[PDB]
């Protein structure tokens, strides 16, 4: 399997780009930054300070190299410095301050324009990083930072983000349960930037249908079952057949007969305004079992759904 876009990007670049094992950060004095408040992560002297956890050294390079690569990115959060504590020789990331407004409080008040705006802003981010050979693997509304007064956005926490090298197999052990795409739930390693487009999409469902999460699996197997109830099982099975995927025996007695529903099955009085058939066209093109069948980040910014947002640019 391969990416429809940006697939060579890293290959055409100096090894130094994407070989993070070879990265050597300069760690600075965290005494430049004092605890003000806690979010883990803290606010400080403004900034936000991330204390890297009991994590292997290799995992840390990957997140610094990637943040430097994406420095100067549209709607991508930015790194002011990487530091350590004098007494505590533990590594630390320090980011620009965005004045957050927790998505659970801010989603319920969104207008059918707010949604496309903030989704457009997300796609600006995802496409930019997809164009640098990096894939996020952790797009949830938690990692989507918004300032509704400022109407700014930042995609955050690149703790999990990996460089894309074609035909490379990746850990299927990433992302949050609700925003995991089918590739992760059926143990398929040869995934790419499409994953984030499932993530994003999943969030689209939530924003216009106000069912948050949209796919609320109660375990990791159920998370695929929950998806088969919308998208249908036959279309699922064909997807597995195509990529010659071994289906774990536990899925045997928990899928069965399921039908492609109508994305309109999810409209009701409370969400009526927020749905437009342009939302329901993009959305379909975004939530497809087959990672390759899915919209790219670019093709998405082109969907009609955003014609109202491009107009006021």
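For the two forms, the rigid core is made up of the largest set of C-alpha atoms that agree within 1.5 Å on superposition. Positions refer to the first chain, counted from 1.
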After superposing on the rigid core, the stretch whose C-alphas lie farther from this form in 6 other deposited structures of this protein, comparing 82-90 with 226-234, is 82-90
Count, per the entry, the deposited residues between residue 254 and residue 255 that are not modelled, and return the matching class: none, 1 to 3, 4 to 9, or 10 or more. none
Where residue 45 meets residue 46 in the shown sequence, the number of deposited residues left unmodelled: 4 to 9
When the Cα temperature factors in the entry are averaged, is it 132-140 or 151-159 that ends up higher? 151-159
Taking the deposited Cα B-factors and averaging over 49-57 and over 256-264, the higher mean is found in 49-57
Out of 250, 285, 65, 272, residue topping the C-alpha B-factor column of the entry: 250
Listed options 72, 182, 91, 238: highest C-alpha B factor recorded at 91
Determine, from the deposited record, the chain-internal third of the Cα B-factor for residue 242: lowest, middle or highest. middle
Among the modelled residues of its chain, does the C-alpha B-factor of residue 233 lie in the lowest, middle or highest third? middle
Chain-relative C-alpha B factor for residue 102 (record values, thirds): the highest
Here the Cα B-factor of residue 84, set against its chain, lands in the third termed highest
Determine, from the deposited record, the chain-internal third of the Cα B-factor for residue 96: lowest, middle or highest. highest
